[PDB]
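Below you'll find the structure, written out as structure tokens, and then a few comments.
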Amino acid sequence: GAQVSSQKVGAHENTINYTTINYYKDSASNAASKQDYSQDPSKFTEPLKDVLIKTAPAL
Amino acid sequence: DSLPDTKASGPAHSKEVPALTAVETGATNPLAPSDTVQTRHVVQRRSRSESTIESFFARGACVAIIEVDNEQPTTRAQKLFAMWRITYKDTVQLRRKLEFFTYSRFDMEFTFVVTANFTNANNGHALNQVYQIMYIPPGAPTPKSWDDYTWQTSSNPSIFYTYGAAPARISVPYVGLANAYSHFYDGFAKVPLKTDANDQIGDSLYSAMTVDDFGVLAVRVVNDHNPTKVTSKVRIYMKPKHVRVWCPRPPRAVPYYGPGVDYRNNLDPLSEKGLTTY
Amino acid sequence: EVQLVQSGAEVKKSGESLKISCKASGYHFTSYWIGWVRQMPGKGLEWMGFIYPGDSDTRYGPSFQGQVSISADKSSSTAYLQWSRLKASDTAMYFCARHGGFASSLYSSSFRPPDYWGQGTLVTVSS
Amino acid sequence: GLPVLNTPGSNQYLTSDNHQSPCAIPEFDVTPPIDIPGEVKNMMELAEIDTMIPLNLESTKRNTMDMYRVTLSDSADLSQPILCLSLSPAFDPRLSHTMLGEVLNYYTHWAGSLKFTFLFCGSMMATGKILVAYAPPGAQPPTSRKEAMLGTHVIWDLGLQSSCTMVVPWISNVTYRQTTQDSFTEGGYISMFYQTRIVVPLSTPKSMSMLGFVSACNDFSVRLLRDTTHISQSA
Amino acid sequence: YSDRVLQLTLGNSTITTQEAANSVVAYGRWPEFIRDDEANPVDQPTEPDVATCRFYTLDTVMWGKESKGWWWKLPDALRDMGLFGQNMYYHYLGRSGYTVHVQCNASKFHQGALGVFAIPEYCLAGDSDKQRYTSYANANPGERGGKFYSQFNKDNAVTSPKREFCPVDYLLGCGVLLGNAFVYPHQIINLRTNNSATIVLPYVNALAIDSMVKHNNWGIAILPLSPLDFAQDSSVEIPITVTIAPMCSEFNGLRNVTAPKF
Amino acid sequence: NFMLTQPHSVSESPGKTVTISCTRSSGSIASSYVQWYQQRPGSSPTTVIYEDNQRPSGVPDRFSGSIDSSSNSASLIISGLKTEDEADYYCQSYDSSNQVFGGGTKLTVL
Ligand SMILES: CCCCCCCCCCCCCCCC(=O)O
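Below you can see the structure in the form of structure tokens.
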């Protein structure tokens, strides 16, 4: 029950996969996948109640 | 996965003014370079893969240095078994990295590096040593001699590491009492009451949720004593895994002072520089 | 029996050096450390030193750096407390202590305090 | 049957490795999570929030609240700059300790655009105009509005909306700049000058303060993690 | 309609402002009750709603040229506010959001700026060598609140130590530069633009519900970013008023009343 | 640096029960163990309690030691006081390298 994913190739010679298998029942033993993705910072940058477009006046 | 491209822009002469804003609203003007100057089309290939929380915290940082000795129990200063309080506040680097956020939730990985050395040249005789590292959760009996019954480790987890092998390593799940670790706690553990006989009954340390938060690690050398004293040290490295964080905070700006947020010594982090000097 | 015996009251004049002894019986004296404790009249006890012949650690009092000194003698199974220059503030009762052992820790767990005491010695000037 | 061959690097400990390891507390009953407000999934989200710049940092202003505020007046000479900075976000003493600078100091390389936002904290009756410019390196640092107006600049008019934003576009020869002090990857120069002047009526304060903020655009990134020099531990 | 004008109505109380910059919802989350799939205690909760979810006005403080700042903590500031305080002291556990409204008005010839910050888990520093030594009474001023200082002066008292906070204005009172404080939910009351600031605070904690007497969730800090100045007159000063309203309050563990010693 | 505060003094009658306290002021209370020492009038100190759970030879069971981790206070309870309990009691500790004595409590039994 292996898992195969694609690598982000930086340097090419002259589409590449790598395999991972979990050997321990406890999830704490797993290695970090590092496949997470970011989000929208609007909750910090624009926490306003009535969000207004940038081109429009702020007041 | 890649960052957004840059859109081409031309001359602007319009009634809409994105440059002006009002920070009083508490919002950051989400401008782009195309909103103030003319720009060309650029396909963007740079990515923020290195800035993720996992990548930021995916390092092992030293947190303690435990020293133990192997000698006859009645010859010299007897410190032949240690007991370290589990905490990340003994150092500054990992503490500062963690304290960017108010709450966190992660698994943890411990790695132990053990080194030994002699102390007298009279004999130079010593055989390979074996180290025991026993975890003692709060409330469990704590050893009071290097060879008492407590070391039977009937239910306490324990690691037996033979000197010279690869560093020992283990993983621990999220063992918090709440739904996330609290890096900062603005409260007390006890509250004095008007009916208390004296004020000292309800006294407690500010910003201290509990005593014996995680327990201690007991370290000893299983080998008996050689004719010569042998000293060794154990270094512990902690790597958070599967990290989630909430409520970002400003980073520490002045030297740490104790396990709290106190500050004593410097309080002058910034250096001098002329107002109109490049 | 496992006990520590000190000399009776000792008297010396101001500015002189005084020396008192604490002798152990029924065991080897230097099995573990020896501590010296002071008690001025009507006050709580105070630390003076915790010594052991391996290095003769004369850990002086913060306000008595050098004045108070300690030493151990294996041949006589006795330890000695010494003052270099007596003062009016050194009038107190001195006790010698020792723990039966069991100490094996780098930290508080098993770096133990004494459990047997001497009968005490009094330093005064008769009047 | 164990026909294996050990390769170099065996039995080593690399602090950045990503291997598995046994669990010390098997079958632990982990506490389920909840929905705590304010989750962060990337460090750059912190660098995109406006934060005040300690612009003054004079002899008697540094390490006091006066370092955050720049004084403007209607009697100041119009031929000299108000403030000057060097576009080195991680090394310049003014920009080093901002949120952007603090995040950058944990990385060796950076690249992207920056935003400078200034807030006018004068009276409602005060008015004026200000010119803030950015000059890419390779020439004499601007010292008068005549030279500053040649480079990238924005003319700010003081009105009902009290804040103006300037964008420092990404202009460089290298793909990534360095966060340390180095001339090969120097960022540029930022300066501010009076256009017209501050005009106030009678019975109004003649001098007022101004605040500045810095943040990163949505194309900003860092790529090599390191340790920071802003925290120290003595023996 | 414009964001310049705004009205708020909770319970039997109403607030109106004609020069409000805008309304800020901290972290973009509105207060809400505990869902069934997140409730730790099993007791039936109490939800007074109108009786406790209303605007309570704290004591007014005066802003001068030499003032350094003020700080309050929640729900500590509301401990004596009628039925909210009674419910807080009669129950082991408590939970609620808040709606902070800061009021400060001045003529068109005044100048200044206030920085209103909402800081979760707002720990503060002590005033002596002893670490974490501040007493319960001195860490919970109540509606009176506290003040900042321009410099750190260690308490040299040998007997009867003060055991009080000594926040430093430019360090935000917790060893972090004030400039970075804008990462927290905030608003600025710039006297030339607006005369009030509104912040809606959801319940932020590591637990679904927690004790209110022992732990303070939010901390309100008001610092003057730019000093006050009216007519080159050194005696000028204008008041600042703070109004707070609990939202979606609920209390769980009932028992006999609590009487903390102050 | 730190002290071991104690209650002022207690005066009781035979057959009463008292709880003498001693509040630690520095170091993790749970790490080091507090002790108790009895000094009868005109007599040398004696050891009666230490380790928080171990009692020395010759101590009647009437004396028992206990601790409160949260409040950093150690207690000594005497049930059924006797006229011969007349003495001073000191609470002693060993933090990591040195011993620190308390202020002393005077107990009077009529
Ligand atoms: C084997 C034990 C594993 C422990 C791993 C270290 C976890 C540290 C995380 C921060 C804990 C914060 C303190 C508890 C919260 C509180 O103060 O209420």
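Residue numbers (the working numbering), protein chains in the order written: chain A, 1 to 59; chain B, 1001 to 1278; chain C, 2001 to 2127; chain D, 3001 to 3235; chain E, 4001 to 4262; chain F, 5001 to 5110.
Idealized CB from N, CA, C, for every residue including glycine.
Item: Just to confirm, are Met4088 of chain E and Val4200 of chain E a CB contact at a threshold of 9 angstroms?; Value: no
Item: Just how far apart, CA to CA, sit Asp4076 of chain E and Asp3157 of chain D?; Value: 44 angstroms
Item: If we define contact as Cβ-Cβ less than 9 angstroms, is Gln2003 of chain C a contact residue for chain H?; Value: Considering every chain present, this structure includes no chain H. Its protein chains are A, B, C, D, E and F.
Item: At which residues does the alpha helix (DSSP H) containing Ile1053 of chain B begin and terminate?; Value: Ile1053 to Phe1057
Item: Locate the alpha helix (DSSP H) running through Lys3146 of chain D, then write down its first and last residues.; Value: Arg3145 to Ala3148
Item: Can you list, in chain order, the residues of its chain whose CB lies under 7 angstroms from that of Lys2074 of chain C, leaving out five sequence neighbours each side?; Value: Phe2029, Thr2030 and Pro2053
Item: Let me know the secondary structure DSSP gives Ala4137 of chain E once reduced to three states.; Value: coil
Item: Return the residue from the list D:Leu3083, D:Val3200, D:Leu3085 and D:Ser3221 that minimises the CA-CA distance to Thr3127 of chain D.; Value: D:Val3200
Item: DSSP puts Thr4009 of chain E in a beta bridge; with which residues?; Value: E:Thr4014
Item: Roughly how many angstroms lie between the CA atoms of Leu2004 of chain C and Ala28 of chain A, to the nearest whole one?; Value: 57 angstroms
Item: On the DSSP letters alone, give me the boundaries of the beta strand (DSSP E) that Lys5016 of chain F sits inside.; Value: That residue, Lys5016 of chain F, is in no beta strand (DSSP E); it is neither H nor E in DSSP.
Item: Quick one: what does DSSP say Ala5087 of chain F is sitting in, helix, strand or coil?; Value: strand
Item: Indicate whether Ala3133 of chain D and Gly3151 of chain D have their beta-carbon atoms separated by less than 9 angstroms.; Value: yes
Item: Residues of the stretch 3104–3120 of chain D with a CB closer than 7 angstroms to any CB of chain B: list them in chain order, please.; Value: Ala3111, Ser3113, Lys3115, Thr3117 and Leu3119
Item: Given this structure, state the Cα-to-Cα distance separating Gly5027 of chain F from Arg1048 of chain B, to the nearest angstrom.; Value: 45 angstroms
Item: Under 7 angstroms Cβ-Cβ, which residues of chain F neighbour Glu2046 of chain C?; Value: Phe5101
Item: Compute the distance between the beta-carbons of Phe4251 of chain E and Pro4045 of chain E, then report whether it is under 9 angstroms.; Value: yes
Item: Compile a chain-ordered list of the residues in the stretch 1181–1204 of chain B whose CB is closer than 9 angstroms to at least one CB of chain F.; Value: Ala1189, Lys1190, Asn1198, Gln1200, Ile1201, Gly1202, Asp1203 and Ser1204
Item: Skipping 5 residues on each side, what residues in its chain have a beta carbon closer than 6 angstroms to that of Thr1162 of chain B?; Value: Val1130
Item: Which first and last residues belong to the alpha helix (DSSP H) in which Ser42 of chain A is found?; Value: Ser42 to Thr45
Item: For the stretch 1143–1158 of chain B against the stretch 1092–1107 of chain B, do three or more pairs of beta-carbon atoms, one drawn from each stretch, fall closer than 8 angstroms, so that the two count as touching?; Value: no
Item: Just curious, the alpha helix (DSSP H) that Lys1097 of chain B is in, first and last residue?; Value: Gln1093 to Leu1098
Item: Strictly closer than 5 angstroms from CB to any heavy atom of ligand 1: give me those residues in the order they appear in the chain.; Value: B:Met1108, B:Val1172, B:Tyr1181, B:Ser1182, B:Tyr1185, B:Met1209 and B:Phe1214
Item: In the DSSP assignment, what are the bridge partners of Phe3193 of chain D?; Value: D:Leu3131
Item: Pull up the DSSP beta-bridge partners for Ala56 of chain A, would you.; Value: Answer by DSSP bridge pairing: none, since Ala56 of chain A is not bridged.
Item: Check whether the stretch 4164–4183 of chain E and the stretch 2012–2029 of chain C touch, using three or more Cβ-Cβ pairs below 8 angstroms as the test.; Value: no
Item: Find out if the Cβ-Cβ distance for the pair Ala1218 of chain B, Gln1132 of chain B is shorter than 9 angstroms.; Value: yes
Item: Give a yes or no on whether 9 angstroms exceeds the smallest Cβ distance from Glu46 of chain A to chain B.; Value: yes
Item: Which residues in chain B have a C-beta closer than 8 angstroms to the C-beta of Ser38 of chain A? List them in chain order.; Value: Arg1048 and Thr1052
Item: Please identify, using Cβ separations under 9 angstroms, the residues of the stretch 3058–3078 of chain D that lie next to chain B, in order along the chain.; Value: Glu3058, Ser3059, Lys3061, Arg3062, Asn3063, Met3067 and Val3070
Item: When the cut-off is 9 angstroms and only beta carbons count, does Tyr2032 of chain C lie next to chain B?; Value: yes
Item: Could you tell me which chain A residues have their CB closer than 8 angstroms to the CB of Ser1055 of chain B, listed as they occur along the chain?; Value: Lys34
Item: Which value, in whole angstroms, describes the spacing of the CA atoms of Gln4103 of chain E and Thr4241 of chain E?; Value: 5 angstroms
Item: Name the chain B residues whose beta carbon is nearer than 9 angstroms to that of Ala5074 of chain F?; Value: Under the 9 angstroms cutoff, chain B gives no residues; its nearest Cβ is about 12 angstroms from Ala5074 of chain F.
Item: Taking the alpha-carbon of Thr3098 of chain D as reference, which of D:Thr3117, D:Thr3060, D:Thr3051 and D:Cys3084 has the nearest alpha-carbon?; Value: D:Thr3051
Item: Output the distance between the C-alpha atoms of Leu2086 of chain C and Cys5091 of chain F, rounded to the nearest integer angstrom.; Value: 29 angstroms
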